[PDB]
Amino acid sequence: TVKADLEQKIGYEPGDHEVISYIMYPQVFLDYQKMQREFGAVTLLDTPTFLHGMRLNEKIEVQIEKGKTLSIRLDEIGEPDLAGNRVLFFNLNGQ
Amino acid sequence: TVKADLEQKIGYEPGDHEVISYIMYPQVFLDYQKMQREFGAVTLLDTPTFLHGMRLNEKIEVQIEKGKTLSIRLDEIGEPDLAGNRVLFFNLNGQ
Amino acid sequence: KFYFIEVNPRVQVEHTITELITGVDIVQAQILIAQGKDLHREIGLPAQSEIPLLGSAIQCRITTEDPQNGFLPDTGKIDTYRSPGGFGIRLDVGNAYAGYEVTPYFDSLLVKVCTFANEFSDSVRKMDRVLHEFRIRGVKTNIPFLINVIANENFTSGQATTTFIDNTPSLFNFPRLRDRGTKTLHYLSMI
Amino acid sequence: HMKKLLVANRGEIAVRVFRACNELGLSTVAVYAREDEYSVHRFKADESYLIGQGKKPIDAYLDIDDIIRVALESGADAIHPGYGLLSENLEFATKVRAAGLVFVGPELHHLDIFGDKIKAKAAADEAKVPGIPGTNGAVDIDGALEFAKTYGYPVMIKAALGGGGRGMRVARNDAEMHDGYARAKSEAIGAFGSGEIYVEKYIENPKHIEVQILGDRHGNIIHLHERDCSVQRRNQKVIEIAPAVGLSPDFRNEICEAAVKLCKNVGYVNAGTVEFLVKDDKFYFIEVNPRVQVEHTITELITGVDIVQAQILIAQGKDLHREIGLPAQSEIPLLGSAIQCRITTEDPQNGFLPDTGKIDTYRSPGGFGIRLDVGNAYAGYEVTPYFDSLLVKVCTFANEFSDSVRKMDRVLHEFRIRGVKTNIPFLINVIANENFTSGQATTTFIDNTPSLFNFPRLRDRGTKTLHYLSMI
Ligand SMILES: CC(=O)SCCNC(=O)CCNC(=O)[C@H](O)C(C)(C)COP(=O)(O)OP(=O)(O)OC[C@H]1O[C@@H](n2cnc3c(N)ncnc32)[C@H](O)[C@@H]1OP(=O)(O)O
Ligand SMILES: CC(=O)SCCNC(=O)CCNC(=O)[C@H](O)C(C)(C)COP(=O)(O)OP(=O)(O)OC[C@H]1O[C@@H](n2cnc3c(N)ncnc32)[C@H](O)[C@@H]1OP(=O)(O)O
Ligand SMILES: Nc1ncnc2c1ncn2[C@@H]1O[C@H](COP(=O)(O)OP(=O)(O)O)[C@@H](O)[C@H]1O
Ligand SMILES: [Mg+2]
């Protein structure tokens with residue numbers, strides 16, 4: 001019953017570890033799943049990058065899996081507009 | 001001989017008006033030709049744009065020819081780097 | 001047996017695959033016919049029995065219709081555009097580039113891609129390759145649906161009918177895409 | 001048995017092999033130097049690995065041991081060398097086949113026979129295919145002078161391991177023959193170690209014809225017609241066309257037959273190119289390139305045959321006509337004509353020197369009859385002086401050669417690369433020329449046409465307007 005409910009809540013069929021962690025920490029697991037869907041596996045970032053983001057002109061390399069390494073460089077931080085949004089000028093994988 | 005020397009100095013065969021203006025103002029005409037080679041026909045810009053450049057998030061339209069209008073938007077002015085260069089993030093013709 | 005329905009008195013969107021399998025520039029011939037030129041004398045097309053059949057071709061139209069949203073046309077800012085190339089690939093791009101703001105005013109088309117080859121199976125393989133190689137981020141596309149349709153055995157046999165999509169619910173199962181560059185950039189920007 | 005392939009190359013050829021591998025359902029592994037970290041081919045593969053750490057980037061791409069180490073740790077079943085780096089290298093292929101990995105290339109005996117020009121000429125003589133009347137081996141300077149005496153000028157000095165016209169010099173008199181021999185010697189020790197200079201008879205305005213050869217493990221060897229690469233500057237190919245529209249079909253058939261029977265005599269496998277020198281209805285063998293060529297795209301366009309896919313499938317041991325599905329030699333179709341142009345960073349107003357800098361504008365054409373094999377030319381790409389000058393290969397194909405010329409002129413005008421200089425105005429001048437349009441261009445056509453180097457002034461009003469706006 002819990003596993004079917006969780007497969008409804010998260011977008012896939014959970015493992016036994018996911019089911020058991022959803023039992024103990026239901027809202028914490030669901031918030032973790034939402035953050036996984038939004039920001040992805042932030043566990044792969046290095047800790048200074050994890051806690052502080054990026055500086056201007058910094059180059060970081062994030063190995064997301066074996067053989068794949070994201071080359072990320074922050075070129076410019078835009079001024080905030082009237083809607084409160086900033087445009088950040090990244091150079092992801094050369095582009 | 002003045003026309004041949006001007007054809008040497010500027011990269012094309014000059015007209016009679018160009019030759020006669022080179023005779024009266026030699027250095028001034030050559031500086032004007034250098035600025036034409038570098039900045040182009042800046043006479044097509046409107047006067048506030050000609051004198052003050054471009055504001056952030058400003059959209060201007062420059063008609064360089066009949067049927068050709070340049071859509072120019074300044075999106076972001078970058079911070080100067082160690083060589084004193086700034087990167088200006090333009091949107092020219094949608095790109 | 002066959003039945004007439006209607007005649008489109010204009011060039012079609014899918015004229016590209018016709019000119020790929022025949023070699024005959026349809027739009028160029030359209031303009032030359034509007035110039036009053038003769039089809040076989042001035043334009044230079046051969047006779048009917050000499051019109052070539054250079055293999056097979058497939059046109060896929062990549063649009064902003066989100067198949068996980070009832071094929072509604074998505075709008076928004078395109079932040080990533082990578083187009084494939086190589087042997088057997090033809091691109092007729094509309095307004096699909098990085099930074100283009102997709103408006104709800106016009107048609108949802110982003111880019112027409114055509115794959116052509118000597119064999120139909122090679123055309124199918126090339127179209128699967130270019131649908132995976134295509135990268136459009138910032139707006140949803142119909143690319144997962146096209147990948148599903150290309151994968152289907154009813155399509156690849158050539159025996160698809162006009163009821164094939166409506167009677168195959170397995171076309172609407174879409175694998176989860178990681179999209180790890182976008183999420184990493186989003187987290188970096190947030191922090 | 002193959003499930004994963006490594007490409008020991010870079011640029012557009014790596015992307016081409018990646019696309020062929022994805023069409024064939026195989027996994028792709030890229031390698032890249034540190035200075036090539038922003039290359040497109042790195043991000044077009046399933047796995048990418050840094051190679052040659054600390055070396056120069058060209059030397060990093062020649063790091064044989066590192067490439068096999070990456071291929072072994074990545075679980076790649078095979079290595080495709082592409083062209084230009086280790087495709088013709090006997091040592092690399094020997095180590096690859098010794099490591100248990102499939103080498104996507106010809107056999108080792110093919111490599112060391114066709115690698116050296118005098119041994120390839122000996123093999124062609126054994127296949128009785130006629131070649132240029134030249135020395136029977138690497139003669140000395142005095143023997144070169146003796147050959148200049150008995151057979152008479154004009155002669156041409158050529159090294160037995162020269163590439164890209166490096167070890168090749170020309171001679172008109174005795175003193176210039178000495179100078180050319182010394183310069184070829186210096187270029188041979190400098191870049192290839194051993195100097196094995198021979199001397200060949202110089203032909204006045206020849207036509208450079210290349211025949212594409214596909215051969216499998218079973219012994220079936222076919223030719224995918226021929227390519228006319230006569231349009232050259234300083235003996236470097238500029239524009240290649242296919243087929244030879246300036247030659248009669250029967251003469252082209254004779255050239256193709258000589259090429260396939262040479263490859264049959266040597267028992268050739270995988271893709272290969274046989275270079276022929278054509279002068280008033282006779283042909284001379286020069287070299288066999290034991291690799292896929294840059295201009296294979298126009299051959300694929302005029303034949304419909306995927307050369308890289310067939311290369312991988314031959315490396316799988318598949319039959320040419322049963323498993324790959326290629327038809328018989330008489331059934332190989334000729335789907336019109338095609339033209340290849342290589343858009344590079346060479347500045348024709350600067351002596352064709354490779355320009356470097358940041359590309360700030362890139363627009364690529366599309367539509368009917370247009371094929372793009374882009375390298376690293378996107379907007380924001382910083383062109384480095386480390387690698388070759390190529391930006392984007394573009395091929396235009398049509399039923400008629402005139403329509404191919406018109407499409408390629410449209411393409412060269414539609415292309416927009418700003419920030420670095422390109423050879424596009426030179427290509428426009430060559431395309432507009434009536435000798436190229438007729439197809440009777442020779443190897444001396446560019447060097448004897450000074451009007452190709454007259455370039456109209458381009459306004460470039462967007463760049464100048466943006467520059468003035470930034471200034472103010
Ligand atoms: C679709 C086809 O078949 S393409 C064949 C020709 N290619 C074209 O692009 C046609 C449009 N014309 C042009 O782009 C140029 O005027 C050319 C190619 C004829 C001349 O090139 P240049 O001298 O170097 O640039 P030019 O000074 O004339 O124009 C300046 C800018 O106005 C742009 N422009 C060109 N046409 C228009 C237009 N109708 N409206 C607004 N801007 C335009 C140009 O793209 C150019 O911007 P860019 O730096 O990104 O290239
Ligand atoms: C040349 C051809 O034939 S391409 C055919 C399709 N195959 C490929 O593209 C191989 C490269 N792999 C990918 O691009 C993706 O991983 C896909 C298409 C397989 C999966 O799609 P997604 O889930 O949405 O992206 P994914 O999470 O896996 O990867 C995240 C980023 O790492 C990039 N990336 C992919 N491969 C590499 C690599 N070897 N090194 C560094 N970055 C890479 C992806 O391009 C992606 O960036 P993007 O937003 O611009 O698209
Ligand atoms: N003996 C000769 N006489 C006249 N032209 C020649 C002769 N040998 C070569 N050429 C021309 O010079 C070019 C040599 O290039 P090539 O030797 O094929 O380069 P690479 O050594 O890199 O393969 C050929 O395209 C050919 O047209
Ligand atoms: Mg050669």
Side-chain angles (χ1 to χ4, degrees), chain A residues 7 10-14 18 32-81 83-95, chain C residues 62 66-70 74-85 91 93 95-104 110-111 130 132-141 143-145 147-148 169-170 172-191:
Chain A
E7 175 155 29
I10 80 192
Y12 58 98
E13 178 201 34
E18 322 196 43
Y32 163 77
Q33 287 298 323
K34 184 191 310 304
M35 282 323 202
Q36 282 307 102
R37 290 189 316 265
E38 173 167 13
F39 302 118
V42 304
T43 184
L44 301 171
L45 301 151
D46 61 279
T47 305
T49 305
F50 173 80
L51 298 171
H52 306 293
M54 301 207 28
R55 323 182 294 276
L56 270 170
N57 315 308
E58 178 176 25
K59 291 169 58 166
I60 65 157
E61 285 202 278
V62 183
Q63 172 142 338
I64 55 174
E65 65 177 53
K66 187 231 200 319
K68 292 197 197 298
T69 295
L70 299 181
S71 316
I72 301 176
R73 185 219 307 146
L74 177 61
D75 273 322
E76 200 41 66
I77 298 181
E79 275 300 286
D81 63 342
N85 303 290
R86 283 175 173 272
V87 168
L88 262 63
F89 293 81
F90 281 100
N91 188 268
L92 173 59
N93 290 359
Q95 315 285 326
Chain C
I62 288 142
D66 191 2
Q68 320 211 234
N69 207 42
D74 197 28
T75 60
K77 164 78 62 91
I78 299 194
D79 65 85
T80 311
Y81 186 74
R82 287 200 301 282
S83 73
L91 290 184
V93 60
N95 293 330
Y97 55 87
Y100 178 72
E101 177 64 45
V102 173
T103 76
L110 285 168
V111 41
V130 300
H132 285 295
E133 190 172 352
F134 250 109
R135 214 55 50 85
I136 296 126
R137 306 207 185 279
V139 288
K140 296 310 197 161
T141 63
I143 292 170
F145 179 66
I147 285 160
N148 282 346
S170 92
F172 299 88
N173 299 331
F174 306 117
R176 276 154 91 242
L177 296 164
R178 336 271 306 274
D179 196 8
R180 287 169 281 170
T182 299
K183 296 211 263 245
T184 309
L185 287 194
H186 179 41
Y187 182 74
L188 288 183
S189 325
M190 174 61 88
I191 304 298

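Scope of the values below: all heavy atoms of this structure, side chains included, with no hydrogens, waters or symmetry mates. Each chain gets a letter, A, B and so on, in the order the sequences are listed, and its residues count up from 1.
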More than 12 heavy atoms of other residues, nucleotides or ligands under 6.0 Å from [atom1] of [X]: is that the case?
X: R86(A); atom1: CZ; answer: yes
X: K66(A); atom1: NZ; answer: yes
X: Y32(A); atom1: OH; answer: no

Part of [X] lying under 4.5 Å from any heavy atom of chain C:
X: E58(A); result: neither
X: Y12(A); result: side chain
X: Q95(A); result: neither

Handout entry: Option in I72(A), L51(A), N93(A) with maximal non-hydrogen atom pairs under 4.5 Å from chain C
Key =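 Most pairs with chain C among the choices: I72(A).
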
Exercise for the section: Report the option among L88(A), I77(A), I64(A) that has the most heavy-atom pairs separated by less than 4.5 Å from atoms of chain C. Expected result: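 Option with the top pair count is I64(A).
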
Can you tell me how far apart [atom1] ([X]) and [atom2] ([Y]) are? Round to the nearest 0.5 Å.
X: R137(C); Y: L92(A); atom1: CZ; atom2: CG; result: 9.0 Å
X: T184(C); Y: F90(A); atom1: OG1; atom2: CZ; result: 10.0 Å
X: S189(C); Y: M54(A); atom1: OG; atom2: CE; result: 9.5 Å
X: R37(A); Y: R176(C); atom1: CZ; atom2: CZ; result: 9.0 Å

Practice task
Indicate yes or no: at least one non-hydrogen side-chain atom of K183(C) is less than 4.5 angstrom from one of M35(A).
Solution key: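 Contact flag for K183(C)/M35(A) side chains = no.
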
Exercise for the section: Quick one: closest heavy-atom pair of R180(C) and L70(A), and the distance? Expected result: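 In this case the closest contact between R180(C) and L70(A) is O-CD1, 4.0 Å.
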
Handout entry: Any donor-acceptor pair under 3.5 Å from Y187(C) side chain to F50(A) backbone
Key =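 Checking the backbone N and O of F50(A) against the side chain of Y187(C), a donor-acceptor pair under 3.5 Å is found.
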
Problem - Test applied, side-chain contact (heavy atoms from CB on, under 4.5 Å); reference residue, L188(C); option that passes from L74(A), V42(A), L45(A) - result: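 The passing option is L45(A).
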
